[PDB]
Structures are given as C-alpha cells and as structure tokens.
file work-v2.cif (mmCIF, N, CA, C and O atoms)
data_target
loop_
_atom_site.label_atom_id
_atom_site.label_comp_id
_atom_site.auth_asym_id
_atom_site.auth_seq_id
_atom_site.Cartn_x
_atom_site.Cartn_y
_atom_site.Cartn_z
N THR N 1 -42.08 69.93 -9.56
CA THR N 1 -42.41 70.95 -8.53
C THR N 1 -42.61 70.25 -7.18
O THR N 1 -42.80 70.88 -6.16
N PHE N 2 -42.58 68.94 -7.18
CA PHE N 2 -42.76 68.17 -5.91
C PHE N 2 -41.60 68.48 -4.96
O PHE N 2 -41.77 68.57 -3.76
N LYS N 3 -40.42 68.62 -5.49
CA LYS N 3 -39.24 68.90 -4.63
C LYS N 3 -39.45 70.21 -3.87
O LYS N 3 -39.16 70.31 -2.69
N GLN N 4 -39.94 71.21 -4.54
CA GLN N 4 -40.17 72.52 -3.86
C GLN N 4 -41.27 72.37 -2.80
O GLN N 4 -41.15 72.85 -1.69
N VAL N 5 -42.33 71.69 -3.13
CA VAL N 5 -43.44 71.50 -2.16
C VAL N 5 -42.94 70.65 -0.98
O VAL N 5 -43.17 70.97 0.17
N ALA N 6 -42.25 69.58 -1.28
CA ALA N 6 -41.72 68.71 -0.19
C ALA N 6 -40.66 69.47 0.60
O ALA N 6 -40.58 69.37 1.81
N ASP N 7 -39.85 70.23 -0.08
CA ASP N 7 -38.78 71.01 0.62
C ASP N 7 -39.43 72.03 1.55
O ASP N 7 -39.03 72.20 2.69
N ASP N 8 -40.43 72.71 1.07
CA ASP N 8 -41.13 73.73 1.92
C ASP N 8 -41.79 73.04 3.12
O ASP N 8 -41.73 73.51 4.24
N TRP N 9 -42.43 71.93 2.87
CA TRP N 9 -43.12 71.19 3.97
C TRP N 9 -42.09 70.63 4.96
O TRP N 9 -42.31 70.60 6.15
N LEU N 10 -40.98 70.16 4.46
CA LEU N 10 -39.93 69.58 5.36
C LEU N 10 -39.43 70.65 6.32
O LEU N 10 -39.18 70.39 7.49
N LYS N 11 -39.26 71.85 5.85
CA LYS N 11 -38.76 72.94 6.73
C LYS N 11 -39.75 73.17 7.88
O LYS N 11 -39.36 73.39 9.01
N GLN N 12 -41.02 73.13 7.59
CA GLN N 12 -42.04 73.34 8.66
C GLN N 12 -41.99 72.18 9.65
O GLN N 12 -42.12 72.37 10.85
N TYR N 13 -41.81 70.99 9.16
CA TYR N 13 -41.75 69.80 10.06
C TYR N 13 -40.55 69.92 10.99
O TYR N 13 -40.61 69.59 12.16
N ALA N 14 -39.44 70.40 10.49
CA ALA N 14 -38.22 70.56 11.33
C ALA N 14 -38.50 71.52 12.49
O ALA N 14 -37.60 71.91 13.21
N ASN N 15 -39.73 71.92 12.68
CA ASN N 15 -40.06 72.85 13.79
C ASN N 15 -39.77 72.16 15.13
O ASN N 15 -39.24 72.76 16.04
N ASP N 16 -40.11 70.90 15.24
CA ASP N 16 -39.86 70.16 16.51
C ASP N 16 -39.47 68.72 16.19
O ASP N 16 -40.32 67.87 15.98
N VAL N 17 -38.19 68.44 16.16
CA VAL N 17 -37.72 67.06 15.87
C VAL N 17 -36.18 67.03 15.89
O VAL N 17 -35.52 68.04 15.76
N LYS N 18 -35.61 65.86 16.04
CA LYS N 18 -34.13 65.73 16.07
C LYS N 18 -33.54 66.19 14.74
O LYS N 18 -34.02 65.85 13.67
N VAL N 19 -32.49 66.96 14.81
CA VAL N 19 -31.83 67.47 13.57
C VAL N 19 -31.26 66.30 12.77
O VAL N 19 -31.34 66.26 11.56
N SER N 20 -30.69 65.34 13.44
CA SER N 20 -30.10 64.17 12.74
C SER N 20 -31.20 63.41 12.00
O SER N 20 -31.02 62.94 10.89
N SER N 21 -32.35 63.29 12.61
CA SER N 21 -33.48 62.57 11.96
C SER N 21 -33.90 63.30 10.68
O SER N 21 -34.16 62.69 9.66
N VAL N 22 -33.99 64.60 10.75
CA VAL N 22 -34.41 65.39 9.55
C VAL N 22 -33.38 65.24 8.44
O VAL N 22 -33.71 65.04 7.28
N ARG N 23 -32.12 65.36 8.77
CA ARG N 23 -31.05 65.25 7.74
C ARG N 23 -31.06 63.84 7.14
O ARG N 23 -30.96 63.67 5.94
N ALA N 24 -31.17 62.84 7.96
CA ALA N 24 -31.18 61.44 7.45
C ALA N 24 -32.48 61.17 6.70
O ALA N 24 -32.49 60.61 5.62
N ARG N 25 -33.59 61.56 7.27
CA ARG N 25 -34.91 61.33 6.61
C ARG N 25 -34.97 62.13 5.31
O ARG N 25 -35.44 61.66 4.30
N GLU N 26 -34.50 63.35 5.34
CA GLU N 26 -34.53 64.19 4.11
C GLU N 26 -33.72 63.51 3.01
O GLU N 26 -34.06 63.56 1.85
N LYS N 27 -32.64 62.88 3.38
CA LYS N 27 -31.79 62.20 2.36
C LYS N 27 -32.62 61.10 1.68
O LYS N 27 -32.62 60.97 0.47
N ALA N 28 -33.33 60.32 2.45
CA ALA N 28 -34.16 59.24 1.85
C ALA N 28 -35.32 59.85 1.06
O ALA N 28 -35.64 59.42 -0.03
N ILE N 29 -35.95 60.86 1.61
CA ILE N 29 -37.09 61.51 0.90
C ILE N 29 -36.57 62.19 -0.37
O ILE N 29 -37.18 62.12 -1.42
N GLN N 30 -35.46 62.87 -0.26
CA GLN N 30 -34.88 63.57 -1.44
C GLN N 30 -34.51 62.54 -2.51
O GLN N 30 -34.70 62.76 -3.70
N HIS N 31 -33.98 61.41 -2.11
CA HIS N 31 -33.60 60.36 -3.09
C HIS N 31 -34.84 59.88 -3.84
O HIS N 31 -34.81 59.64 -5.03
N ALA N 32 -35.94 59.73 -3.14
CA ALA N 32 -37.19 59.26 -3.80
C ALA N 32 -37.65 60.29 -4.83
O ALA N 32 -38.06 59.97 -5.93
N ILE N 33 -37.58 61.55 -4.48
CA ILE N 33 -38.02 62.62 -5.42
C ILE N 33 -37.13 62.60 -6.67
O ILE N 33 -37.61 62.72 -7.78
N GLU N 34 -35.85 62.45 -6.48
CA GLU N 34 -34.93 62.43 -7.65
C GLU N 34 -35.18 61.15 -8.47
O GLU N 34 -35.15 61.17 -9.69
N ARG N 35 -35.42 60.05 -7.81
CA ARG N 35 -35.67 58.77 -8.54
C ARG N 35 -36.99 58.88 -9.31
O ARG N 35 -37.10 58.47 -10.45
N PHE N 36 -38.00 59.44 -8.68
CA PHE N 36 -39.32 59.60 -9.35
C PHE N 36 -39.38 60.96 -10.04
O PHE N 36 -40.44 61.50 -10.31
N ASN N 37 -38.23 61.52 -10.33
CA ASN N 37 -38.18 62.85 -11.00
C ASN N 37 -38.94 62.79 -12.33
O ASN N 37 -39.65 63.70 -12.70
N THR N 38 -38.79 61.71 -13.05
CA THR N 38 -39.50 61.57 -14.35
C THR N 38 -40.90 61.02 -14.11
O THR N 38 -41.73 61.01 -15.00
N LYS N 39 -41.16 60.54 -12.92
CA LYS N 39 -42.51 59.98 -12.60
C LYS N 39 -43.25 60.93 -11.64
O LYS N 39 -42.97 60.96 -10.46
N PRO N 40 -44.20 61.70 -12.14
CA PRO N 40 -44.99 62.65 -11.30
C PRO N 40 -45.58 62.00 -10.04
O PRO N 40 -45.87 60.82 -10.01
N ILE N 41 -45.77 62.78 -9.01
CA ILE N 41 -46.35 62.23 -7.75
C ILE N 41 -47.76 61.72 -8.01
O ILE N 41 -48.18 60.71 -7.48
N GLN N 42 -48.50 62.43 -8.82
CA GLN N 42 -49.90 62.01 -9.12
C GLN N 42 -49.91 60.77 -10.02
O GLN N 42 -50.94 60.16 -10.22
N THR N 43 -48.77 60.39 -10.55
CA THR N 43 -48.72 59.18 -11.43
C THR N 43 -48.18 57.99 -10.62
O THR N 43 -48.06 56.89 -11.13
N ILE N 44 -47.87 58.20 -9.37
CA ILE N 44 -47.35 57.09 -8.53
C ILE N 44 -48.49 56.13 -8.18
O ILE N 44 -49.55 56.54 -7.74
N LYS N 45 -48.27 54.85 -8.37
CA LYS N 45 -49.32 53.84 -8.05
C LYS N 45 -49.00 53.14 -6.73
O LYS N 45 -47.93 53.30 -6.16
N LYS N 46 -49.93 52.37 -6.24
CA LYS N 46 -49.72 51.64 -4.96
C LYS N 46 -48.55 50.67 -5.08
O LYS N 46 -47.80 50.46 -4.15
N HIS N 47 -48.40 50.05 -6.22
CA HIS N 47 -47.29 49.08 -6.40
C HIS N 47 -45.94 49.78 -6.24
O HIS N 47 -45.06 49.30 -5.55
N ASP N 48 -45.77 50.90 -6.88
CA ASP N 48 -44.48 51.64 -6.78
C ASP N 48 -44.28 52.13 -5.34
O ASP N 48 -43.17 52.17 -4.83
N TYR N 49 -45.35 52.50 -4.68
CA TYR N 49 -45.24 52.98 -3.28
C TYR N 49 -44.66 51.86 -2.40
O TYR N 49 -43.77 52.09 -1.60
N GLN N 50 -45.15 50.67 -2.55
CA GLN N 50 -44.63 49.53 -1.75
C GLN N 50 -43.17 49.29 -2.12
O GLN N 50 -42.34 48.98 -1.28
N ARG N 51 -42.85 49.42 -3.37
CA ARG N 51 -41.44 49.21 -3.83
C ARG N 51 -40.53 50.21 -3.12
O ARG N 51 -39.45 49.87 -2.66
N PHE N 52 -40.95 51.44 -3.04
CA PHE N 52 -40.13 52.48 -2.36
C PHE N 52 -39.94 52.12 -0.89
O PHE N 52 -38.86 52.23 -0.35
N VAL N 53 -40.99 51.69 -0.25
CA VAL N 53 -40.90 51.32 1.19
C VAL N 53 -39.90 50.18 1.37
O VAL N 53 -39.06 50.20 2.25
N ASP N 54 -39.98 49.18 0.54
CA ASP N 54 -39.04 48.03 0.64
C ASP N 54 -37.64 48.47 0.21
O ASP N 54 -36.64 47.93 0.64
N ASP N 55 -37.56 49.44 -0.66
CA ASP N 55 -36.24 49.93 -1.14
C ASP N 55 -35.49 50.62 0.00
O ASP N 55 -34.31 50.40 0.21
N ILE N 56 -36.17 51.45 0.74
CA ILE N 56 -35.51 52.17 1.87
C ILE N 56 -35.31 51.21 3.05
O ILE N 56 -34.43 51.39 3.86
N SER N 57 -36.13 50.20 3.15
CA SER N 57 -35.99 49.24 4.27
C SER N 57 -34.65 48.52 4.16
O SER N 57 -34.03 48.18 5.15
N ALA N 58 -34.20 48.29 2.96
CA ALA N 58 -32.90 47.59 2.76
C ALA N 58 -31.75 48.60 2.83
O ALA N 58 -30.59 48.23 2.82
N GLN N 59 -32.07 49.87 2.88
CA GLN N 59 -31.00 50.93 2.95
C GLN N 59 -31.09 51.65 4.30
O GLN N 59 -30.15 52.28 4.73
N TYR N 60 -32.23 51.58 4.95
CA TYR N 60 -32.40 52.27 6.27
C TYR N 60 -32.99 51.31 7.30
O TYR N 60 -33.62 50.33 6.97
N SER N 61 -32.76 51.60 8.55
CA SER N 61 -33.28 50.73 9.64
C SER N 61 -34.80 50.86 9.77
O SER N 61 -35.41 51.78 9.24
N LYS N 62 -35.42 49.93 10.45
CA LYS N 62 -36.91 49.96 10.62
C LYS N 62 -37.35 51.26 11.29
O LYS N 62 -38.35 51.84 10.93
N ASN N 63 -36.62 51.72 12.27
CA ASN N 63 -37.02 52.98 12.97
C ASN N 63 -37.01 54.15 11.98
O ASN N 63 -37.90 54.98 11.97
N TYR N 64 -36.01 54.21 11.14
CA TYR N 64 -35.94 55.32 10.14
C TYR N 64 -37.03 55.13 9.07
O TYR N 64 -37.56 56.08 8.53
N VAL N 65 -37.35 53.91 8.77
CA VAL N 65 -38.40 53.64 7.74
C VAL N 65 -39.73 54.25 8.19
O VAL N 65 -40.45 54.85 7.41
N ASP N 66 -40.07 54.08 9.44
CA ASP N 66 -41.36 54.62 9.95
C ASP N 66 -41.42 56.13 9.73
O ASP N 66 -42.42 56.67 9.28
N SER N 67 -40.37 56.83 10.07
CA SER N 67 -40.37 58.32 9.89
C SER N 67 -40.49 58.68 8.41
O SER N 67 -41.19 59.60 8.04
N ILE N 68 -39.80 57.97 7.55
CA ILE N 68 -39.86 58.28 6.09
C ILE N 68 -41.28 58.03 5.58
O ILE N 68 -41.83 58.80 4.82
N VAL N 69 -41.88 56.94 5.98
CA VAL N 69 -43.26 56.61 5.52
C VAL N 69 -44.23 57.70 5.98
O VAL N 69 -45.06 58.17 5.23
N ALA N 70 -44.14 58.09 7.22
CA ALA N 70 -45.06 59.14 7.75
C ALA N 70 -44.82 60.46 7.01
O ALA N 70 -45.75 61.14 6.61
N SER N 71 -43.58 60.83 6.84
CA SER N 71 -43.27 62.11 6.13
C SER N 71 -43.77 62.04 4.69
O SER N 71 -44.38 62.96 4.18
N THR N 72 -43.52 60.94 4.03
CA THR N 72 -43.98 60.79 2.62
C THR N 72 -45.50 60.85 2.56
O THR N 72 -46.09 61.51 1.73
N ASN N 73 -46.15 60.14 3.45
CA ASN N 73 -47.65 60.14 3.47
C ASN N 73 -48.16 61.54 3.79
O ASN N 73 -49.11 62.02 3.21
N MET N 74 -47.54 62.20 4.73
CA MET N 74 -47.99 63.58 5.11
C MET N 74 -47.77 64.54 3.94
O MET N 74 -48.61 65.37 3.64
N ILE N 75 -46.65 64.43 3.28
CA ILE N 75 -46.38 65.33 2.12
C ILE N 75 -47.38 65.04 1.00
O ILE N 75 -47.91 65.93 0.38
N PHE N 76 -47.63 63.78 0.74
CA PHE N 76 -48.59 63.41 -0.33
C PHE N 76 -49.98 63.95 0.02
O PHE N 76 -50.67 64.51 -0.81
N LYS N 77 -50.39 63.76 1.24
CA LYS N 77 -51.73 64.24 1.67
C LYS N 77 -51.78 65.77 1.58
O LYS N 77 -52.80 66.35 1.26
N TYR N 78 -50.69 66.41 1.88
CA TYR N 78 -50.66 67.90 1.83
C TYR N 78 -50.96 68.40 0.41
O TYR N 78 -51.77 69.29 0.21
N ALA N 79 -50.32 67.83 -0.57
CA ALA N 79 -50.56 68.27 -1.98
C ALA N 79 -52.00 67.94 -2.37
O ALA N 79 -52.67 68.70 -3.05
N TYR N 80 -52.49 66.80 -1.95
CA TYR N 80 -53.88 66.40 -2.28
C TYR N 80 -54.87 67.40 -1.67
O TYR N 80 -55.82 67.82 -2.31
N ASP N 81 -54.66 67.77 -0.44
CA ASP N 81 -55.57 68.73 0.24
C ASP N 81 -55.52 70.08 -0.48
O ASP N 81 -56.49 70.82 -0.50
N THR N 82 -54.40 70.42 -1.06
CA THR N 82 -54.29 71.72 -1.77
C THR N 82 -54.86 71.57 -3.19
O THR N 82 -54.78 72.48 -4.00
N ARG N 83 -55.43 70.44 -3.48
CA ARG N 83 -56.02 70.19 -4.83
C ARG N 83 -54.97 70.44 -5.91
O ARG N 83 -55.26 70.96 -6.97
N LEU N 84 -53.76 70.04 -5.66
CA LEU N 84 -52.67 70.21 -6.67
C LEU N 84 -52.51 68.90 -7.44
O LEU N 84 -51.96 68.86 -8.52
N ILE N 85 -52.98 67.82 -6.87
CA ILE N 85 -52.88 66.49 -7.53
C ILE N 85 -54.23 65.79 -7.49
O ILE N 85 -55.07 66.08 -6.65
N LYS N 86 -54.46 64.86 -8.38
CA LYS N 86 -55.76 64.13 -8.41
C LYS N 86 -55.49 62.64 -8.16
O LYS N 86 -55.69 61.80 -9.02
N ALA N 87 -55.05 62.31 -6.97
CA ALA N 87 -54.77 60.88 -6.64
C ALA N 87 -54.48 60.74 -5.14
O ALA N 87 -54.09 61.68 -4.47
N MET N 88 -54.66 59.55 -4.62
CA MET N 88 -54.39 59.30 -3.17
C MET N 88 -53.95 57.84 -2.99
O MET N 88 -54.62 57.06 -2.35
N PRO N 89 -52.82 57.48 -3.56
CA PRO N 89 -52.28 56.09 -3.46
C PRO N 89 -51.63 55.80 -2.10
O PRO N 89 -50.64 56.41 -1.73
N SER N 90 -52.18 54.87 -1.38
CA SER N 90 -51.61 54.50 -0.05
C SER N 90 -52.59 53.55 0.66
O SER N 90 -52.19 52.60 1.31
N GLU N 91 -53.86 53.81 0.53
CA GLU N 91 -54.89 52.95 1.19
C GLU N 91 -55.01 51.61 0.47
O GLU N 91 -54.69 51.47 -0.70
N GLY N 92 -55.49 50.61 1.17
CA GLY N 92 -55.66 49.26 0.57
C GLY N 92 -54.42 48.42 0.87
O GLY N 92 -54.32 47.27 0.47
N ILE N 93 -53.47 48.98 1.58
CA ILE N 93 -52.23 48.22 1.92
C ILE N 93 -52.33 47.67 3.34
O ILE N 93 -52.27 48.40 4.31
N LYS N 94 -52.49 46.38 3.46
CA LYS N 94 -52.60 45.74 4.80
C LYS N 94 -51.89 44.39 4.79
O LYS N 94 -51.73 43.77 3.75
N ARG N 95 -51.47 43.92 5.93
CA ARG N 95 -50.77 42.61 6.00
C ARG N 95 -51.08 41.94 7.35
O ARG N 95 -50.24 41.88 8.23
N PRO N 96 -52.28 41.45 7.51
CA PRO N 96 -52.72 40.77 8.76
C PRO N 96 -51.85 39.54 9.11
O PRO N 96 -51.39 38.83 8.24
N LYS N 97 -51.65 39.31 10.37
CA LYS N 97 -50.83 38.14 10.82
C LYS N 97 -49.57 38.01 9.96
O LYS N 97 -49.02 38.99 9.49
N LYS N 98 -49.12 36.80 9.75
CA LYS N 98 -47.89 36.56 8.94
C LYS N 98 -46.73 37.35 9.53
O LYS N 98 -45.69 37.51 8.92
N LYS N 99 -46.90 37.85 10.73
CA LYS N 99 -45.82 38.64 11.39
C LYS N 99 -45.01 37.74 12.33
O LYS N 99 -45.53 36.79 12.91
N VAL N 100 -43.75 38.02 12.49
CA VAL N 100 -42.88 37.20 13.37
C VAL N 100 -43.21 37.46 14.85
O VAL N 100 -43.43 38.58 15.26
N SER N 101 -43.27 36.41 15.63
CA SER N 101 -43.60 36.55 17.08
C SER N 101 -42.51 37.33 17.82
O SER N 101 -41.34 37.26 17.47
N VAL N 102 -42.88 38.06 18.84
CA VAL N 102 -41.89 38.86 19.62
C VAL N 102 -41.68 38.22 20.99
O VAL N 102 -42.62 37.88 21.69
N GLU N 103 -40.44 38.04 21.37
CA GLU N 103 -40.14 37.43 22.69
C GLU N 103 -40.17 38.52 23.76
O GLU N 103 -40.14 38.25 24.94
N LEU N 104 -40.23 39.75 23.33
CA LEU N 104 -40.26 40.91 24.28
C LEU N 104 -39.34 40.64 25.48
O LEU N 104 -38.18 41.01 25.49
N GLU N 105 -39.87 40.02 26.50
CA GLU N 105 -39.07 39.73 27.72
C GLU N 105 -37.89 38.83 27.37
O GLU N 105 -38.02 37.85 26.66
N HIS N 106 -36.73 39.16 27.87
CA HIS N 106 -35.52 38.34 27.60
C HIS N 106 -35.43 37.23 28.64
O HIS N 106 -34.61 36.33 28.55
N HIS N 107 -36.28 37.27 29.63
CA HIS N 107 -36.27 36.22 30.69
C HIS N 107 -36.70 34.89 30.08
O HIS N 107 -36.17 33.85 30.39
N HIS N 108 -37.68 34.93 29.20
CA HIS N 108 -38.17 33.68 28.55
C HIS N 108 -38.55 32.65 29.61
O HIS N 108 -39.71 32.48 29.94
N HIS N 109 -37.59 31.95 30.14
CA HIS N 109 -37.88 30.92 31.17
C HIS N 109 -38.29 31.58 32.49
O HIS N 109 -37.82 32.65 32.84
N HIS N 110 -39.17 30.94 33.22
CA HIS N 110 -39.62 31.52 34.52
C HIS N 110 -39.99 30.40 35.49
O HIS N 110 -40.18 29.26 35.11
N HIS N 111 -40.10 30.72 36.75
CA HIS N 111 -40.46 29.70 37.77
C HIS N 111 -41.03 30.40 39.01
O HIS N 111 -40.75 29.95 40.10
#

call {"tool": "encode", "arguments": {"input": "work-v2.cif", "output": "structure tokens"}}
result
Amino acid sequence: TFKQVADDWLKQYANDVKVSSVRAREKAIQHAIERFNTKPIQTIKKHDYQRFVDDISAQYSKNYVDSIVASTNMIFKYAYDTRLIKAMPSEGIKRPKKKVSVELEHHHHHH
C-alpha cells in the first residue's frame, strides 16, 4: 500500500516544481518501492536506507539524489505522522569531515 500512499503524496508535491524533476524523481522513487515491494516500509532499517541512497547515487547525479532523499524522507515521515507505520529509520546518519575540499573559485592563483 506504500505505492498508493507515495503516489498520492507525489501528486500533491507536483503542485509547485519542475515537471522533468517529478518524472525523473518519481522514476527513482517508484523503482525503490518496486525493489522493496517484498520489504515493507516499516521493516526498512537504517542500513538498507543508506544502501538505497548509494544505489541511486551511482544511477543519478548528486543534484537528483538530494531531491530523491528529501521526497523519500517526506513520504516516510508522512506515513509515520498518520500512525500507519511504527518506525522512523533515518536519524543517526552523519559523516563529519572526511569530505573533499572545494576549490569554489576557479581563479585559484591570485596577486
């Protein structure tokens, strides 16, 4: 029944956003629902959640990954708030430092 709940929620989100983003994001979100079709949303653990994020990262660009993560988190929180599921897997995930430095400015050298 997650597909129906996610499908209903996705339609409301499409209220204000790029159509291409919704179609592309829906494809990634829909793929996760079909993949976890035998695995209930309330049975999803933090480990599997990270696996999904890394799975789409190798299939989608970083910009698209952010939208999928937010949509997935918003959909998960929506079902939890409706007391339809008894779980909230997502918190406890952090990665301090260990990040690649950004050169931001392309000038680099200066005088």

call {"tool": "atom_distance", "arguments": {"input": "work-v2.cif", "atom1": "atom C of residue 85 (chain N)", "atom2": "CA of residue 42 (chain N)"}}
result
6.0 Å

call {"tool": "closest_residue", "arguments": {"input": "work-v2.cif", "among": "N:17, N:9, N:79, N:69", "to": "residue 50 (chain N)", "atoms": "only C-alpha atoms"}}
result
N:69

call {"tool": "residues_around", "arguments": {"input": "work-v2.cif", "residues": "residue 2 (chain N)", "least_positions_apart": "2", "cutoff": "8 Å", "atoms": "all atoms listed in the file", "output": "ChimeraX atom specification"}}
result
/N:4-9,33,40-41,75

call {"tool": "closest_residue", "arguments": {"input": "work-v2.cif", "among": "N:102, N:108, N:90, N:61", "to": "residue 45 (chain N)", "atoms": "only N, CA, C and O atoms"}}
result
N:90

call {"tool": "atom_distance", "arguments": {"input": "work-v2.cif", "atom1": "CA of residue 54 (chain N)", "atom2": "CA of residue 28 (chain N)"}}
result
12.3 Å

call {"tool": "atom_distance", "arguments": {"input": "work-v2.cif", "atom1": "CA of residue 36 (chain N)", "atom2": "CA of residue 16 (chain N)"}}
result
27.9 Å

call {"tool": "select_by_dssp", "arguments": {"input": "work-v2.cif", "residues": "chain N", "states": "alpha helix (DSSP H)", "output": "JSON, numbers by chain"}}
result
{"N": [2, 3, 4, 5, 6, 7, 8, 9, 10, 11, 12, 13, 19, 20, 21, 22, 23, 24, 25, 26, 27, 28, 29, 30, 31, 32, 33, 34, 35, 46, 47, 48, 49, 50, 51, 52, 53, 54, 55, 56, 57, 62, 63, 64, 65, 66, 67, 68, 69, 70, 71, 72, 73, 74, 75, 76, 77, 78, 79, 80, 81]}

call {"tool": "closest_residue", "arguments": {"input": "work-v2.cif", "among": "N:56, N:70, N:88, N:77", "to": "residue 44 (chain N)", "atoms": "only N, CA, C and O atoms"}}
result
N:88

call {"tool": "axis_aligned_box", "arguments": {"input": "work-v2.cif", "around": "region 21-38 of chain N", "padding_each_side": "5 Å", "output": "lines of an AutoDock Vina configuration file"}}
result
center_x = -36.3
center_y = 61.9
center_z = -1.2
size_x = 20.8
size_y = 16.9
size_z = 37.6
